[PDB]
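These protein sequence lines map, in sequence, to chains A and A'. A prime marks a further copy of an entry chain. Position one of the first sequence corresponds to residue 1 (the entry's author numbering), numbered consecutively onward. Position one of the second sequence corresponds to residue 1 (the entry's author numbering), numbered consecutively onward. Heads up, the beta-carbon is just placed ideally off N, CA and C, and yes, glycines get one too.
2 protein chains.
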Amino acid sequence: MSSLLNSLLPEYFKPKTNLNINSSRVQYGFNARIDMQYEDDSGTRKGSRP
Amino acid sequence: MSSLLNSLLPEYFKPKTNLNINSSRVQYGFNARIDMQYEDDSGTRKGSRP
Numbered sequence: 001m002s003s004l005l006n007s008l009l010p011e012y013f014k015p016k017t018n019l020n021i022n023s024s025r026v027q028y029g030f031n032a033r034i035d036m037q038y039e040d041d042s043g044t045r046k047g048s049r050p
Numbered sequence: 001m002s003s004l005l006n007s008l009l010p011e012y013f014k015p016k017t018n019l020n021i022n023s024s025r026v027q028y029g030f031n032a033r034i035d036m037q038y039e040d041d042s043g044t045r046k047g048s049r050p
């Protein structure tokens, strides 16, 4: 059933037809922007991985 | 004139009669609590001298 397996894919994922696989290992994932924060009595230390 | 020289003294200063001076040098002043702060794009670093 193509229909039920299609709904499992994420909303942001827009797939194309061809995929040129040339190896026996693939790292599928996503890139996200994490805005980390460390608060303490002394003060706050902010970080950001884009 | 005792009156005009009396008004120059601070409000918090409550003087007593006797002062036992035993040297040719005196460091008059006051003790205060300073709450310092350093803010930056990275974060805030707070200090306090009581």
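Residue i versus residue j - alpha carbon distance
{"i": "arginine 49(A)", "j": "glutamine 37(A)", "result": "12 Å"}
{"i": "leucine 9(A')", "j": "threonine 17(A')", "result": "15 Å"}
{"i": "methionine 1(A)", "j": "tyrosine 12(A)", "result": "22 Å"}
{"i": "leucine 5(A)", "j": "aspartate 35(A)", "result": "33 Å"}
{"i": "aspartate 41(A)", "j": "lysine 14(A')", "result": "36 Å"}
Of the residues the options, the one placed nearest residue i, counting alpha carbons only
{"i": "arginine 33(A')", "options": "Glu39(A'), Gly43(A'), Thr17(A'), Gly47(A')", "result": "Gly47(A')"}
Partner residues on chain A for residue i, Cβ-Cβ distance less than 7 Å
{"i": "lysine 46(A')", "result": "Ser42, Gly43"}
Okay, do the segment 8 to 28 of chain A' and the segment 20 to 28 of chain A touch, 3+ Cβ pairs below 8 Å being the bar?
-> no
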